[PDB]
$ cat target.tsv   # TSV, C-alpha atoms and all ligand atoms
chain	number	residue	atom	x	y	z
Z	20	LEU	CA	-15.67	9.18	13.86
Z	21	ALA	CA	-14.56	7.74	17.20
Z	22	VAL	CA	-16.73	10.19	19.13
Z	23	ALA	CA	-19.66	9.17	16.92
Z	24	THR	CA	-19.23	5.44	17.50
Z	25	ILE	CA	-18.79	6.08	21.22
Z	26	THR	CA	-21.92	8.15	21.49
Z	27	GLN	CA	-24.11	5.46	19.99
Z	28	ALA	CA	-22.49	2.74	22.08
Z	29	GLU	CA	-23.18	4.80	25.14
Z	30	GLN	CA	-26.66	5.42	23.91
Z	31	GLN	CA	-27.15	1.66	23.76
Z	32	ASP	CA	-25.37	0.96	27.12
Z	33	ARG	CA	-22.73	-1.28	25.60
Z	34	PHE	CA	-19.14	-1.84	24.68
Z	35	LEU	CA	-18.15	-1.05	21.13
Z	36	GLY	CA	-18.84	-4.03	18.92
Z	37	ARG	CA	-16.02	-6.09	17.37
Z	38	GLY	CA	-16.94	-4.57	14.04
Z	39	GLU	CA	-16.97	-1.01	15.28
Z	40	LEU	CA	-13.56	-1.52	16.84
Z	41	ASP	CA	-12.15	-3.15	13.69
Z	42	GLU	CA	-13.45	-0.33	11.58
Z	43	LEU	CA	-11.84	2.31	13.84
Z	44	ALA	CA	-8.66	0.23	14.06
Z	45	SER	CA	-8.43	0.19	10.31
Z	46	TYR	CA	-9.21	3.91	10.03
Z	47	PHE	CA	-6.32	4.75	12.33
Z	48	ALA	CA	-3.93	2.26	10.75
Z	49	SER	CA	-4.55	3.43	7.17
Z	50	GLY	CA	-3.90	7.01	8.39
Z	51	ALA	CA	-0.21	7.03	7.44
Z	52	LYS	CA	-0.98	5.80	3.95
Z	53	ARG	CA	-3.86	8.31	3.51
Z	54	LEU	CA	-1.56	11.20	4.54
Z	55	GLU	CA	1.18	10.00	2.19
Z	56	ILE	CA	-1.44	10.02	-0.55
Z	57	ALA	CA	-2.63	13.53	0.27
Z	58	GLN	CA	0.88	14.92	0.46
Z	59	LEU	CA	1.56	13.55	-2.99
Z	60	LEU	CA	-1.70	14.72	-4.65
Z	61	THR	CA	-1.13	18.15	-3.12
Z	62	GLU	CA	2.45	18.66	-4.29
Z	63	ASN	CA	1.44	17.52	-7.75
Z	64	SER	CA	-1.92	19.28	-7.63
Z	65	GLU	CA	-1.00	21.70	-10.43
Z	66	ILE	CA	0.15	19.02	-12.84
Z	67	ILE	CA	-2.94	16.91	-12.08
Z	68	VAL	CA	-5.25	19.82	-12.67
Z	69	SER	CA	-3.55	20.97	-15.91
Z	70	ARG	CA	-3.74	17.38	-17.26
Z	71	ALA	CA	-7.47	17.34	-16.61
Z	72	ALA	CA	-8.04	20.77	-18.13
Z	73	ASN	CA	-5.92	19.84	-21.19
Z	74	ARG	CA	-7.98	16.78	-21.90
Z	75	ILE	CA	-11.02	19.00	-22.39
Z	76	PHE	CA	-9.12	22.08	-23.48
Z	77	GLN	CA	-11.20	22.68	-26.58
Z	78	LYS	CA	-14.44	22.40	-24.65
Z	79	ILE	CA	-13.57	25.17	-22.22
Z	80	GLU	CA	-14.76	28.74	-22.61
Z	154	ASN	CA	-13.89	29.85	-19.07
Z	155	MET	CA	-10.42	28.56	-18.41
Z	156	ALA	CA	-9.83	30.43	-15.18
Z	157	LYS	CA	-12.89	28.94	-13.53
Z	158	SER	CA	-12.33	25.53	-15.07
Z	159	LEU	CA	-8.81	25.37	-13.64
Z	160	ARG	CA	-10.08	26.67	-10.33
Z	161	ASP	CA	-12.90	24.12	-10.10
Z	162	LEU	CA	-10.67	21.20	-11.07
Z	163	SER	CA	-8.27	22.31	-8.35
Z	164	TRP	CA	-11.13	22.55	-5.91
Z	165	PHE	CA	-12.43	19.08	-6.80
Z	166	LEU	CA	-8.93	17.64	-6.13
Z	167	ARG	CA	-8.67	19.64	-2.91
Z	168	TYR	CA	-11.90	18.22	-1.53
Z	169	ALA	CA	-10.85	14.71	-2.58
Z	170	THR	CA	-7.76	15.36	-0.61
Z	171	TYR	CA	-9.73	16.42	2.45
Z	172	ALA	CA	-11.87	13.32	2.20
Z	173	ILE	CA	-8.85	11.06	1.93
Z	174	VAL	CA	-7.17	12.65	4.92
Z	175	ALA	CA	-10.38	12.37	7.02
Z	176	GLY	CA	-11.09	8.90	5.73
Z	177	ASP	CA	-14.56	10.26	5.17
Z	178	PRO	CA	-15.97	9.99	1.63
Z	179	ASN	CA	-18.97	11.93	2.79
Z	180	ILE	CA	-16.79	15.07	2.67
Z	181	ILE	CA	-16.92	14.71	-1.10
Z	182	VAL	CA	-20.64	14.01	-1.02
Z	183	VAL	CA	-21.57	16.99	1.09
Z	184	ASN	CA	-19.43	19.41	-0.91
Z	185	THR	CA	-20.46	18.21	-4.35
Z	186	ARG	CA	-24.13	18.48	-3.45
Z	187	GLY	CA	-25.94	20.37	-6.19
Z	188	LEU	CA	-22.78	20.85	-8.26
Z	189	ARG	CA	-24.08	18.70	-11.13
Z	190	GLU	CA	-26.92	21.21	-11.78
Z	191	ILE	CA	-24.64	24.23	-11.42
Z	192	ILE	CA	-21.95	22.93	-13.77
Z	193	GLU	CA	-24.52	21.43	-16.14
Z	194	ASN	CA	-25.69	24.97	-16.63
Z	195	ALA	CA	-22.30	26.70	-16.41
Z	196	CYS	CA	-20.45	24.66	-18.99
Z	197	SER	CA	-20.76	21.02	-19.99
Z	198	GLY	CA	-21.66	17.99	-17.92
Z	199	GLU	CA	-19.95	15.69	-20.42
Z	200	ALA	CA	-16.67	17.61	-20.26
Z	201	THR	CA	-16.59	17.78	-16.50
Z	202	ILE	CA	-16.81	14.02	-16.18
Z	203	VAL	CA	-14.07	13.70	-18.78
Z	204	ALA	CA	-11.89	16.08	-16.76
Z	205	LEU	CA	-12.70	14.31	-13.53
Z	206	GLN	CA	-11.79	10.93	-15.01
Z	207	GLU	CA	-8.46	12.52	-15.84
Z	208	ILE	CA	-8.10	13.90	-12.32
Z	209	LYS	CA	-8.50	10.27	-11.21
Z	210	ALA	CA	-6.07	8.81	-13.82
Z	211	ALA	CA	-3.50	11.48	-13.25
Z	212	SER	CA	-3.79	10.99	-9.52
Z	213	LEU	CA	-3.41	7.22	-9.80
Z	214	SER	CA	-0.33	7.72	-11.90
Z	215	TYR	CA	1.63	8.58	-8.73
Z	216	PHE	CA	0.92	5.20	-7.01
Z	217	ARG	CA	1.86	2.71	-9.72
Z	218	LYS	CA	4.04	0.79	-7.30
Z	219	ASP	CA	1.55	1.03	-4.38
Z	220	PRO	CA	-1.65	-0.98	-4.93
Z	221	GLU	CA	-3.05	-0.22	-1.48
Z	222	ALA	CA	-2.76	3.53	-2.19
Z	223	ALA	CA	-4.09	3.22	-5.70
Z	224	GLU	CA	-7.20	1.52	-4.32
Z	225	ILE	CA	-7.73	4.28	-1.79
Z	226	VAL	CA	-7.26	6.91	-4.51
Z	227	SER	CA	-9.64	5.12	-6.90
Z	228	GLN	CA	-12.31	4.64	-4.21
Z	229	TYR	CA	-12.36	8.35	-3.37
Z	230	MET	CA	-12.11	9.49	-6.97
Z	231	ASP	CA	-15.01	7.17	-7.78
Z	232	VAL	CA	-17.12	8.75	-5.05
Z	233	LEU	CA	-16.38	12.14	-6.64
Z	234	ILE	CA	-17.19	11.08	-10.20
Z	235	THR	CA	-20.32	9.13	-9.16
Z	236	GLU	CA	-21.79	12.30	-7.63
Z	237	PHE	CA	-21.87	13.51	-11.34
Z	238	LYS	CA	-23.19	10.27	-12.70
Z	239	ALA	CA	-26.07	8.42	-11.01
F	20	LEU	CA	-7.68	16.14	15.24
F	21	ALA	CA	-9.28	15.06	11.90
F	22	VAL	CA	-12.19	17.44	11.44
F	23	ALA	CA	-10.51	20.48	13.13
F	24	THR	CA	-7.39	21.12	11.03
F	25	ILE	CA	-9.33	20.13	7.85
F	26	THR	CA	-12.03	22.65	8.81
F	27	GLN	CA	-9.42	25.40	8.92
F	28	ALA	CA	-7.84	24.53	5.60
F	29	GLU	CA	-11.39	24.38	4.18
F	30	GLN	CA	-12.28	27.84	5.50
F	31	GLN	CA	-9.09	29.21	3.94
F	32	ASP	CA	-9.69	27.47	0.61
F	33	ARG	CA	-6.32	25.64	0.71
F	34	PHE	CA	-4.70	22.24	0.73
F	35	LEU	CA	-3.44	20.98	4.04
F	36	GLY	CA	0.14	22.06	4.69
F	37	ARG	CA	2.93	19.68	5.50
F	38	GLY	CA	2.83	20.74	9.12
F	39	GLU	CA	-0.84	19.92	9.25
F	40	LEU	CA	-0.17	16.48	7.68
F	41	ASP	CA	2.48	15.64	10.31
F	42	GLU	CA	0.15	16.57	13.13
F	43	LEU	CA	-2.52	14.21	11.81
F	44	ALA	CA	0.19	11.58	11.51
F	45	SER	CA	0.70	11.75	15.22
F	46	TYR	CA	-3.09	11.70	15.80
F	47	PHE	CA	-3.59	8.52	13.75
F	48	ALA	CA	-0.65	6.72	15.25
F	49	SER	CA	-1.86	7.35	18.76
F	50	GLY	CA	-5.43	6.47	17.77
F	51	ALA	CA	-4.14	3.15	16.40
F	52	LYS	CA	-2.47	2.34	19.70
F	53	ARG	CA	-5.51	3.46	21.69
F	54	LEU	CA	-7.76	1.27	19.52
F	55	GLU	CA	-5.53	-1.76	20.06
F	56	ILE	CA	-5.88	-1.14	23.77
F	57	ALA	CA	-9.64	-0.73	23.65
F	58	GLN	CA	-10.06	-3.96	21.67
F	59	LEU	CA	-8.15	-5.97	24.22
F	60	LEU	CA	-10.00	-4.45	27.14
F	61	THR	CA	-13.35	-5.00	25.43
F	62	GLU	CA	-12.72	-8.63	24.41
F	63	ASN	CA	-11.49	-9.50	27.91
F	64	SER	CA	-14.03	-7.34	29.84
F	65	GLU	CA	-15.87	-10.22	31.58
F	66	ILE	CA	-12.56	-11.52	32.92
F	67	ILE	CA	-11.36	-8.12	34.00
F	68	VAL	CA	-14.70	-7.39	35.75
F	69	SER	CA	-14.80	-10.77	37.53
F	70	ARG	CA	-11.26	-10.34	38.82
F	71	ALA	CA	-12.28	-7.02	40.27
F	72	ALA	CA	-15.48	-8.37	41.89
F	73	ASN	CA	-13.64	-11.41	43.23
F	74	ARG	CA	-10.96	-9.22	44.74
F	75	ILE	CA	-13.63	-7.71	47.04
F	76	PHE	CA	-16.07	-10.62	47.14
F	77	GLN	CA	-16.26	-10.71	50.96
F	78	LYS	CA	-17.61	-7.17	51.08
F	79	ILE	CA	-20.17	-7.59	48.31
F	80	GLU	CA	-23.79	-7.62	49.42
F	154	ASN	CA	-25.22	-7.41	45.88
F	155	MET	CA	-23.13	-9.44	43.40
F	156	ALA	CA	-25.34	-8.46	40.49
F	157	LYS	CA	-25.14	-4.71	40.87
F	158	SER	CA	-21.45	-4.96	41.75
F	159	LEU	CA	-20.71	-6.87	38.55
F	160	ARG	CA	-22.89	-4.40	36.63
F	161	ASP	CA	-21.13	-1.30	37.94
F	162	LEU	CA	-17.65	-2.66	37.41
F	163	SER	CA	-18.58	-3.39	33.85
F	164	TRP	CA	-20.16	0.04	33.51
F	165	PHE	CA	-16.93	1.61	34.83
F	166	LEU	CA	-14.79	-0.46	32.42
F	167	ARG	CA	-17.11	0.47	29.58
F	168	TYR	CA	-16.68	4.20	30.12
F	169	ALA	CA	-12.93	3.63	30.40
F	170	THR	CA	-12.95	2.09	26.96
F	171	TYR	CA	-15.00	4.95	25.56
F	172	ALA	CA	-12.49	7.45	26.93
F	173	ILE	CA	-9.60	5.39	25.56
F	174	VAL	CA	-11.13	5.06	22.12
F	175	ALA	CA	-11.86	8.80	21.88
F	176	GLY	CA	-8.59	9.65	23.53
F	177	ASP	CA	-10.48	11.85	25.95
F	178	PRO	CA	-10.03	11.33	29.73
F	179	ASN	CA	-12.86	13.81	30.30
F	180	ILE	CA	-15.38	11.12	29.26
F	181	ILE	CA	-14.35	9.41	32.49
F	182	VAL	CA	-14.46	12.61	34.53
F	183	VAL	CA	-17.87	13.66	33.36
F	184	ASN	CA	-19.53	10.24	33.81
F	185	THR	CA	-17.89	9.65	37.19
F	186	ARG	CA	-19.13	13.02	38.60
F	187	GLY	CA	-21.09	12.54	41.82
F	188	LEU	CA	-20.71	8.80	41.70
F	189	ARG	CA	-18.69	8.35	44.92
F	190	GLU	CA	-21.62	9.67	46.95
F	191	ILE	CA	-24.16	7.44	45.26
F	192	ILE	CA	-21.97	4.40	45.80
F	193	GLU	CA	-20.66	5.15	49.34
F	194	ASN	CA	-24.36	5.07	50.15
F	195	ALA	CA	-25.07	1.91	48.21
F	196	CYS	CA	-22.14	-0.18	49.41
F	197	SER	CA	-18.57	0.75	50.24
F	198	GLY	CA	-16.82	3.61	48.52
F	199	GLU	CA	-13.61	2.11	49.76
F	200	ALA	CA	-14.28	-1.39	48.42
F	201	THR	CA	-15.12	0.16	45.04
F	202	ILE	CA	-11.71	1.79	45.00
F	203	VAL	CA	-10.00	-1.56	45.73
F	204	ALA	CA	-12.05	-3.14	42.97
F	205	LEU	CA	-11.19	-0.28	40.59
F	206	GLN	CA	-7.50	-0.84	41.35
F	207	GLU	CA	-8.06	-4.44	40.40
F	208	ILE	CA	-9.81	-3.35	37.15
F	209	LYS	CA	-6.64	-1.37	36.51
F	210	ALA	CA	-4.31	-4.16	37.61
F	211	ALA	CA	-6.22	-6.70	35.58
F	212	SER	CA	-6.37	-4.45	32.52
F	213	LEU	CA	-2.60	-3.87	32.73
F	214	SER	CA	-1.90	-7.63	32.66
F	215	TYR	CA	-2.72	-7.69	28.93
F	216	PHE	CA	0.12	-5.23	28.20
F	217	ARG	CA	3.23	-6.49	29.98
F	218	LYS	CA	5.08	-6.71	26.60
F	219	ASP	CA	4.21	-3.12	25.63
F	220	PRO	CA	5.12	-0.46	28.15
F	221	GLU	CA	3.67	2.36	26.07
F	222	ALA	CA	0.22	0.77	25.98
F	223	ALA	CA	0.60	-0.08	29.68
F	224	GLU	CA	1.22	3.57	30.54
F	225	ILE	CA	-1.73	4.58	28.48
F	226	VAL	CA	-3.97	2.13	30.40
F	227	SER	CA	-2.54	3.34	33.72
F	228	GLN	CA	-3.14	6.96	32.94
F	229	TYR	CA	-6.81	6.46	31.95
F	230	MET	CA	-7.43	4.10	34.89
F	231	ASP	CA	-5.83	6.56	37.29
F	232	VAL	CA	-8.32	9.24	36.09
F	233	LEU	CA	-11.10	6.71	36.77
F	234	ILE	CA	-9.82	5.92	40.27
F	235	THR	CA	-8.99	9.54	41.14
F	236	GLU	CA	-12.26	11.10	39.98
F	237	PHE	CA	-13.96	8.49	42.07
F	238	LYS	CA	-11.99	9.23	45.27
R	1	LIG	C1	-16.34	20.39	-4.95
R	1	LIG	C2	-15.79	21.75	-4.67
R	1	LIG	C3	-16.54	22.78	-5.43
R	1	LIG	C4	-16.66	22.99	-6.86
R	1	LIG	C5	-16.02	22.24	-7.97
R	1	LIG	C6	-17.55	24.14	-6.99
R	1	LIG	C7	-17.92	24.63	-8.33
R	1	LIG	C8	-18.72	25.77	-8.77
R	1	LIG	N1	-18.50	26.10	-10.03
R	1	LIG	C9	-19.24	27.15	-10.27
R	1	LIG	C10	-19.32	27.87	-11.54
R	1	LIG	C11	-18.69	27.63	-12.84
R	1	LIG	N2	-17.96	26.56	-13.15
R	1	LIG	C12	-17.56	26.73	-14.39
R	1	LIG	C13	-16.82	25.76	-15.21
R	1	LIG	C14	-16.31	24.56	-14.92
R	1	LIG	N3	-16.29	23.86	-13.82
R	1	LIG	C15	-15.71	22.72	-13.91
R	1	LIG	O1	-15.49	21.98	-13.02
R	1	LIG	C16	-15.35	22.46	-15.33
R	1	LIG	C17	-13.89	22.17	-15.52
R	1	LIG	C18	-15.80	23.74	-16.02
R	1	LIG	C19	-16.95	23.46	-17.01
R	1	LIG	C20	-16.26	22.93	-18.22
R	1	LIG	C21	-18.18	27.91	-15.02
R	1	LIG	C22	-17.99	28.34	-16.43
R	1	LIG	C23	-18.94	28.57	-13.94
R	1	LIG	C24	-19.75	29.85	-13.91
R	1	LIG	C25	-19.02	31.04	-14.52
R	1	LIG	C26	-19.17	32.41	-13.89
R	1	LIG	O2	-20.27	32.98	-13.98
R	1	LIG	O3	-18.21	32.97	-13.34
R	1	LIG	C27	-20.01	27.60	-9.12
R	1	LIG	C28	-20.96	28.76	-9.05
R	1	LIG	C29	-20.39	29.95	-8.32
R	1	LIG	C30	-19.13	30.40	-8.96
R	1	LIG	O4	-19.19	30.84	-10.09
R	1	LIG	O5	-18.11	30.33	-8.33
R	1	LIG	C31	-19.66	26.65	-8.09
R	1	LIG	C32	-20.22	26.67	-6.73
R	1	LIG	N4	-17.93	24.59	-5.82
R	1	LIG	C33	-17.37	23.83	-4.93
R	1	LIG	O6	-17.53	23.99	-3.71
R	2	LIG	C1	-19.42	5.19	35.36
R	2	LIG	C2	-20.71	4.65	34.87
R	2	LIG	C3	-21.68	4.48	35.98
R	2	LIG	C4	-21.62	3.69	37.20
R	2	LIG	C5	-20.51	2.84	37.67
R	2	LIG	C6	-22.90	3.96	37.86
R	2	LIG	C7	-23.19	3.36	39.19
R	2	LIG	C8	-24.42	3.36	40.02
R	2	LIG	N1	-24.46	2.38	40.92
R	2	LIG	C9	-25.62	2.48	41.53
R	2	LIG	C10	-26.13	1.63	42.61
R	2	LIG	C11	-25.50	0.50	43.31
R	2	LIG	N2	-24.24	0.14	43.20
R	2	LIG	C12	-24.10	-0.91	43.96
R	2	LIG	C13	-22.83	-1.60	44.23
R	2	LIG	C14	-21.59	-1.29	43.85
R	2	LIG	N3	-21.14	-0.39	43.01
R	2	LIG	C15	-19.86	-0.45	42.80
R	2	LIG	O1	-19.26	0.11	41.95
R	2	LIG	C16	-19.26	-1.42	43.76
R	2	LIG	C17	-18.32	-2.42	43.13
R	2	LIG	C18	-20.47	-2.06	44.40
R	2	LIG	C19	-20.49	-1.84	45.90
R	2	LIG	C20	-19.46	-2.74	46.49
R	2	LIG	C21	-25.28	-1.18	44.76
R	2	LIG	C22	-25.55	-2.21	45.77
R	2	LIG	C23	-26.24	-0.22	44.29
R	2	LIG	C24	-27.65	-0.04	44.73
R	2	LIG	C25	-28.59	-0.72	43.78
R	2	LIG	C26	-29.62	-1.51	44.50
R	2	LIG	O2	-29.90	-1.23	45.68
R	2	LIG	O3	-30.16	-2.41	43.86
R	2	LIG	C27	-26.45	3.57	41.02
R	2	LIG	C28	-27.80	3.95	41.49
R	2	LIG	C29	-28.87	3.73	40.46
R	2	LIG	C30	-28.95	2.31	40.05
R	2	LIG	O4	-29.15	1.43	40.86
R	2	LIG	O5	-28.84	2.11	38.87
R	2	LIG	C31	-25.65	4.17	39.99
R	2	LIG	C32	-26.10	5.32	39.21
R	2	LIG	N4	-23.68	4.77	37.15
R	2	LIG	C33	-23.00	5.06	36.08
R	2	LIG	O6	-23.45	5.83	35.21

$ encode --input "target.tsv" --output "structure tokens"
Amino acid sequence: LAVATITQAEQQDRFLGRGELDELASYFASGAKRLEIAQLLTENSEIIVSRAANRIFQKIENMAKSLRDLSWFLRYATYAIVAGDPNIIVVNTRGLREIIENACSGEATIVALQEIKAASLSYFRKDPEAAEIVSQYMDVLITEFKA
Amino acid sequence: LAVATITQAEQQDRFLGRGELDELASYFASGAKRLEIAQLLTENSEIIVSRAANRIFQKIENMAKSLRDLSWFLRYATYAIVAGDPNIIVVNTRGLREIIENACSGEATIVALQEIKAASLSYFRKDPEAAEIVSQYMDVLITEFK
């Protein structure tokens, strides 16, 4: 964050670098777009989740938890997008591969997640900038289940 | 702020509400303007600092330390502006007036700080919002010195 960047600059007795400034400038300026994205994923959260669950419907034994988890995945994506901090996804998906490996099916989860991503993207057809943001964050989520 | 309202929604296992989204909208917009300001001040810092030194050059007995401090002051102003937190200035200015009244002239430092302000402001004559933002942070710098 800003307070982060400032702390290290201070630590090194210096002005923020041109790069640090540009990076913060871009973080603030993409803010409106990131909020637009979150508002949209949120209001459509239920349709996005049910599309993902449906795609693996026949693989699911625990539908209540499946629907819950898929909603939670999308909710943390949504946090990360609002904060402009992909690490929110990383911290909160820590260890989930093992847990869901064991709980149901790793294969299926990735299938559902890919549908979370596709269904999410579907709301930004006209808006390449947003689609990129959405794909970047969704890819961070999925990758935490791949390698 | 980013982490704060997200932390709450997180604790309550929910999506951010529309009211939360609008509040962040205001945060990011202001941050954008603050960052534009900080970039200008940073890129033109040598110029700003030299104007301020030059404005009191007759009183300066140590050009080096004077140029250093004025830069140090400007630096902390930019930190405050970037974070949007005037208290960065307050905290790092604490007790400084005494150290510097000793070292040279408290009063010349004030004149030079007014020139830091006046010089900083010259980059924002087309943008009265940004100008007011620079004036408000610089005033905290000058005041907490006095
Ligand atoms: C990133 C945010 C986040 C997620 C997603 C999360 C998931 C998560 N899923 C869990 C269990 C589970 N998850 C599922 C199933 C599924 N899960 C899926 O994402 C699939 C759609 C489906 C497998 C097909 C099942 C069947 C269990 C354990 C069932 C139980 O004993 O109740 C558990 C173990 C504790 C619990 O049962 O609640 C966690 C922590 N925790 C988090 O903080
Ligand atoms: C907000 C960030 C910040 C500032 C500004 C700061 C100033 C500061 N100026 C100092 C000294 C000094 N400062 C100056 C001069 C001046 N100082 C001025 O701001 C005037 C423009 C000019 C007098 C006209 C002089 C001559 C010394 C004594 C250093 C020496 O004797 O070599 C000292 C004493 C220790 C040192 O020499 O490093 C500090 C701590 N410290 C900080 O953490």

$ closest_residue --input "target.tsv" --among "F:161, F:190, F:199, F:207" --to "ligand LIG 2 (chain R)" --atoms "all atoms listed in the file"
F:161

$ interface_residues --input "target.tsv" --of "chain F" --to "chain Z" --cutoff "7 Å" --atoms "only C-alpha atoms" --output "compact mmCIF listing (two decimals) with C-alpha atoms, in the frame of the given file"
# COMPACT_ATOMS: atom_id res chain seq x y z
CA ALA F 21 -9.28 15.06 11.90
CA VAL F 22 -12.19 17.44 11.44
CA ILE F 25 -9.33 20.13 7.85
CA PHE F 34 -4.70 22.24 0.73
CA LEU F 40 -0.17 16.48 7.68
CA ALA F 44 0.19 11.58 11.51
CA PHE F 47 -3.59 8.52 13.75
CA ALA F 48 -0.65 6.72 15.25
CA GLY F 50 -5.43 6.47 17.77
CA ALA F 51 -4.14 3.15 16.40
CA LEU F 54 -7.76 1.27 19.52
CA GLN F 58 -10.06 -3.96 21.67
CA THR F 61 -13.35 -5.00 25.43
CA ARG F 167 -17.11 0.47 29.58
CA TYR F 171 -15.00 4.95 25.56
CA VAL F 174 -11.13 5.06 22.12
CA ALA F 175 -11.86 8.80 21.88

$ residues_near_ligand --input "target.tsv" --ligand "ligand LIG 2 (chain R)" --cutoff "9 Å" --atoms "only C-alpha atoms and all ligand atoms" --output "JSON, numbers by chain"
{"F": [71, 72, 75, 76, 78, 79, 80, 154, 155, 156, 157, 158, 159, 160, 161, 162, 163, 164, 165, 166, 167, 168, 169, 181, 182, 183, 184, 185, 186, 188, 189, 191, 192, 193, 194, 195, 196, 197, 198, 199, 200, 201, 202, 203, 204, 205, 233]}

$ write_last_selection --input "target.tsv" --atoms "C-alpha atoms" --output "PDB file, in the coordinates of the input"
ATOM      1  CA  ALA F  71     -12.280  -7.020  40.270  1.00  0.00           C
ATOM      2  CA  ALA F  72     -15.480  -8.370  41.890  1.00  0.00           C
ATOM      3  CA  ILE F  75     -13.630  -7.710  47.040  1.00  0.00           C
ATOM      4  CA  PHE F  76     -16.070 -10.620  47.140  1.00  0.00           C
ATOM      5  CA  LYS F  78     -17.610  -7.170  51.080  1.00  0.00           C
ATOM      6  CA  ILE F  79     -20.170  -7.590  48.310  1.00  0.00           C
ATOM      7  CA  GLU F  80     -23.790  -7.620  49.420  1.00  0.00           C
ATOM      8  CA  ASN F 154     -25.220  -7.410  45.880  1.00  0.00           C
ATOM      9  CA  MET F 155     -23.130  -9.440  43.400  1.00  0.00           C
ATOM     10  CA  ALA F 156     -25.340  -8.460  40.490  1.00  0.00           C
ATOM     11  CA  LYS F 157     -25.140  -4.710  40.870  1.00  0.00           C
ATOM     12  CA  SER F 158     -21.450  -4.960  41.750  1.00  0.00           C
ATOM     13  CA  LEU F 159     -20.710  -6.870  38.550  1.00  0.00           C
ATOM     14  CA  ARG F 160     -22.890  -4.400  36.630  1.00  0.00           C
ATOM     15  CA  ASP F 161     -21.130  -1.300  37.940  1.00  0.00           C
ATOM     16  CA  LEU F 162     -17.650  -2.660  37.410  1.00  0.00           C
ATOM     17  CA  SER F 163     -18.580  -3.390  33.850  1.00  0.00           C
ATOM     18  CA  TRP F 164     -20.160   0.040  33.510  1.00  0.00           C
ATOM     19  CA  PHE F 165     -16.930   1.610  34.830  1.00  0.00           C
ATOM     20  CA  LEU F 166     -14.790  -0.460  32.420  1.00  0.00           C
ATOM     21  CA  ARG F 167     -17.110   0.470  29.580  1.00  0.00           C
ATOM     22  CA  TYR F 168     -16.680   4.200  30.120  1.00  0.00           C
ATOM     23  CA  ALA F 169     -12.930   3.630  30.400  1.00  0.00           C
ATOM     24  CA  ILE F 181     -14.350   9.410  32.490  1.00  0.00           C
ATOM     25  CA  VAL F 182     -14.460  12.610  34.530  1.00  0.00           C
ATOM     26  CA  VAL F 183     -17.870  13.660  33.360  1.00  0.00           C
ATOM     27  CA  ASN F 184     -19.530  10.240  33.810  1.00  0.00           C
ATOM     28  CA  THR F 185     -17.890   9.650  37.190  1.00  0.00           C
ATOM     29  CA  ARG F 186     -19.130  13.020  38.600  1.00  0.00           C
ATOM     30  CA  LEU F 188     -20.710   8.800  41.700  1.00  0.00           C
ATOM     31  CA  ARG F 189     -18.690   8.350  44.920  1.00  0.00           C
ATOM     32  CA  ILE F 191     -24.160   7.440  45.260  1.00  0.00           C
ATOM     33  CA  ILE F 192     -21.970   4.400  45.800  1.00  0.00           C
ATOM     34  CA  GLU F 193     -20.660   5.150  49.340  1.00  0.00           C
ATOM     35  CA  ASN F 194     -24.360   5.070  50.150  1.00  0.00           C
ATOM     36  CA  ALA F 195     -25.070   1.910  48.210  1.00  0.00           C
ATOM     37  CA  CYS F 196     -22.140  -0.180  49.410  1.00  0.00           C
ATOM     38  CA  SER F 197     -18.570   0.750  50.240  1.00  0.00           C
ATOM     39  CA  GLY F 198     -16.820   3.610  48.520  1.00  0.00           C
ATOM     40  CA  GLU F 199     -13.610   2.110  49.760  1.00  0.00           C
ATOM     41  CA  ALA F 200     -14.280  -1.390  48.420  1.00  0.00           C
ATOM     42  CA  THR F 201     -15.120   0.160  45.040  1.00  0.00           C
ATOM     43  CA  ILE F 202     -11.710   1.790  45.000  1.00  0.00           C
ATOM     44  CA  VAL F 203     -10.000  -1.560  45.730  1.00  0.00           C
ATOM     45  CA  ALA F 204     -12.050  -3.140  42.970  1.00  0.00           C
ATOM     46  CA  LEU F 205     -11.190  -0.280  40.590  1.00  0.00           C
ATOM     47  CA  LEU F 233     -11.100   6.710  36.770  1.00  0.00           C
TER      48      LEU F 233
END

$ residues_around --input "target.tsv" --residues "residue Z:200" --least-positions-apart "4" --cutoff "7 Å" --atoms "all atoms listed in the file" --output "PyMOL selection string"
chain Z and resi 75+78+204

$ closest_atom_pairs --input "target.tsv" --of "chain F" --to "ligand LIG 1 (chain R)" --cutoff "12 Å" --atoms "all atoms listed in the file" --output "tab-separated table"
residue	atom	partner	partner_atom	distance
F:29	CA	R:LIG1	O6	10.0
F:30	CA	R:LIG1	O6	11.3
F:32	CA	R:LIG1	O6	9.6
F:33	CA	R:LIG1	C2	11.6

$ atom_distance --input "target.tsv" --atom1 "atom CA of residue Z:187" --atom2 "atom CA of residue Z:159"
19.3 Å

$ atom_distance --input "target.tsv" --atom1 "atom CA of residue Z:158" --atom2 "atom CA of residue F:23"
28.7 Å

$ atom_distance --input "target.tsv" --atom1 "atom CA of residue Z:221" --atom2 "atom CA of residue Z:209"
15.3 Å
